[PDB]
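Scroll down for the structure; my scribbles are underneath it.
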Amino acid sequence: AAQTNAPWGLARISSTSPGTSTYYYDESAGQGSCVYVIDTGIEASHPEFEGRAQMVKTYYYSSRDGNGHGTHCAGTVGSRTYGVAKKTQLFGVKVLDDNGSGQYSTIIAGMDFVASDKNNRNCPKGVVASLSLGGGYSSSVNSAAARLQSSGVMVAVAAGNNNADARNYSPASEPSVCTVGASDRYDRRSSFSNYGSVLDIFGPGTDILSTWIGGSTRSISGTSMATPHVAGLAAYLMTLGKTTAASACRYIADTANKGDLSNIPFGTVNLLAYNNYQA
Ligand SMILES: [Ca+2]
Ligand SMILES: [Ca+2]
Ligand SMILES: [Cl-]
Ligand SMILES: [Cl-]
Ligand SMILES: [Cl-]
Numbered sequence: 001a002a003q004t005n006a007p008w009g010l011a012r013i014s015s016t017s018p019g020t021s022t023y024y025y026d027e028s029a030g031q032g033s034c035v036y037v038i039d040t041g042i043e044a045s046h047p048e049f050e051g052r053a054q055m056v057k058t059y060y061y062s063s064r065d066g067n068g069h070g071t072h073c074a075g076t077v078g079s080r081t082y083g084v085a086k087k088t089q090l091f092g093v094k095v096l097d098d099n100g101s102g103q104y105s106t107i108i109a110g111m112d113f114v115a116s117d118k119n120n121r122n123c124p125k126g127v128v129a130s131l132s133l134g135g136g137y138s139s140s141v142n143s144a145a146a147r148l149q150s151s152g153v154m155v156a157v158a159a160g161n162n163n164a165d166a167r168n169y170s171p172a173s174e175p176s177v178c179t180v181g182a183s184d185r186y187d188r189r190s191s192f193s194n195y196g197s198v199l200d201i202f203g204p205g206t207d208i209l210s211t212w213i214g215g216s217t218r219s220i221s222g223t224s225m226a227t228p229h230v231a232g233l234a235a236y237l238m239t240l241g242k243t244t245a246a247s248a249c250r251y252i253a254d255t256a257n258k259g260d261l262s263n264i265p266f267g268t269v270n271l272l273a274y275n276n277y278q279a
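Under the deposited numbering, read the sequence shown as residues 1 to 279, first letter to last.
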């Protein structure tokens with residue numbers, strides 16, 4: 001399949017070279033997989049989600065996304081126009097309040113919630129969790145993300161936006177999950193992206209167009225926006241039978257575009273997620 005005039009990051013993950021604007025993908029499109037977006041919530045009624053999104057859990061007075069961040073991330077996973085995996089099922093877990101903040105104890109509960117809740121849902125091709133959030137190092141937050149991976153969910157997390165080594169942030173620094181840095185449309189490391197040997201992969205992160213609350217759209221930047229490109233790519237490859245939740249991060253790194261990025265520090269991987277679709 002081909003989507004003309006796609007956002008640049010969708011085009012980039014289906015291309016060997018930068019500067020193109022069509023997104024190529026197998027029409028299966030993640031059907032039969034499930035992606036949990038663990039964030040400020042999701043505006044499920046946005047037309048772009050087509051009834052494929054729903055809120056399953058909140059820790060605040062409401063389950064609605066009053067911020068936008070969680071809706072934008074979910075749109076990059078799975079919206080019809082701006083999403084990688086256009087037929088996947090999206091589940092929202094609201095661990096962050098509408099200012100974008102939340103306690104580590106709440107985020108830990110949300111991760112253990114997903115490891116159980118997947119047994120209540122129909123996801124025969126597999127289950128992914130997208131975590132576009134982070135803070136200072138916490139061994140309890142890292143262990144929670146490791147449990148979720150071990151339970152059989154592909155866990156993708158954002159490296160963080162400090163232009164610093166990600167070893168000092170959680171859950172970015174947890175080695176068993178998939179830690180995602182950000183690149184821009186010119187195949188440079190985004191100037192804010194964290195780096196380090198704990199990174200696994202890069203995805204598009206600067207100037208990313210996706211869904212927003214109030215049924216709108218906008219373009220914003222961060223490792224937050226890179227992470228759901230990889231989450232959606234995982235769900236897409238799992239639906240194709242190429243990989244499993246346990247090995248998807250390794251499979252994405254195996255099959256990535258290699259050596260294409262500039263401004264990569266010595267000792268950080270030079271790998272850019274790629275769906276390897278041969279039309
Ligand atoms: Ca959410
Ligand atoms: Ca990692
Ligand atoms: Cl996310
Ligand atoms: Cl890793
Ligand atoms: Cl690369």
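We put the CB at the ideal spot given by N, CA and C, even for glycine.
Cβ pair residue i, residue j closer than 8 Å
i, j, result
"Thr4", "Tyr59", "no"
"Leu96", "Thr179", "no"
"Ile38", "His229", "no"
"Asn122", "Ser173", "no"
"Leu148", "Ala115", "yes"
"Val35", "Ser130", "yes"
"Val77", "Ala85", "yes"
"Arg167", "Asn263", "no"
"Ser140", "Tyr104", "yes"
"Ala279", "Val128", "no"
"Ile208", "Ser219", "yes"
"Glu48", "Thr211", "yes"
"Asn275", "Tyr25", "yes"
"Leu199", "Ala246", "no"
"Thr16", "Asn257", "yes"
"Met111", "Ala74", "no"
"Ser176", "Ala156", "no"
Collapsed DSSP secondary structure at residue i in the structure displayed
i, result
"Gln3", "strand"
"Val269", "coil"
"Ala158", "strand"
"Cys123", "coil"
"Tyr251", "helix"
"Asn276", "coil"
"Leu148", "helix"
"residue 280", "The requested residue 280 is not part of the displayed model; the chain covers only 1 to 279."
"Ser170", "strand"
"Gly134", "coil"
"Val114", "helix"
"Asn257", "strand"
"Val180", "strand"
"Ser143", "helix"
"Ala129", "strand"
Close beta carbons around residue i, own chain, < 6 Å, minus the five adjacent residues each side
i, result
"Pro265", "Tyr195"
"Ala182", "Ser190, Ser193, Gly205, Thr223, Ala226"
"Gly267", "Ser197"
"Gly203", "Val180, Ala226, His229, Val230, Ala273"
"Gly259", "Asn270"
"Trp8", "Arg185"
"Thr20", "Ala11"
"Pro124", "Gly32"
"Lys118", "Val127"
"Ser138", "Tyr104, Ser170"
"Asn163", "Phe192"
"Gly152", "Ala245"
"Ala248", "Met154, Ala234"
"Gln54", "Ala44"
Same chain only: Cβ atoms within 8 Å of residue i, ignoring 5 sequence neighbours per side
i, result
"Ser28", "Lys87, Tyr236, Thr239, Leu240"
"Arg52", "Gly78, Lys87, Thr88, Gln89, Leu90"
"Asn99", "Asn67"
"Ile108", "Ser140, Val141, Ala144"
"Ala1", "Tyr24, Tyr25, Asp26, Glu27, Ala29"
Cβ-based neighbour list, residue i, same chain, cut-off 7 Å, excluding 5 preceding and 5 following
i, result
"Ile213", "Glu43, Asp65, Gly68, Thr71"
"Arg250", "none"
"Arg80", "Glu48, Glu50, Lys86"
"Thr243", "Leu237, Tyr251"
"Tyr277", "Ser14, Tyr24, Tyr25, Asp26"
Proximity test, residue i beta-carbon vs ligand 7 heavy atom, cut-off 7 Å
i, result
"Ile38", "Ligands present in the displayed structure are limited to ligand 1, ligand 2, ligand 3, ligand 4 and ligand 5, and ligand 7 is not among them."
Exercise for the section: Could you tell me which uninterrupted alpha helix (DSSP H) segments, each at least 4 residues in length, are contained entirely in the region 34–105, listed from first to last along the chain? Expected result: 69–78
Practice task
Identify every run of the alpha helix (DSSP H) within the region 187–246, keeping only runs that are complete inside it and at least 4 residues long; order them along the chain.
Solution key: 223–239
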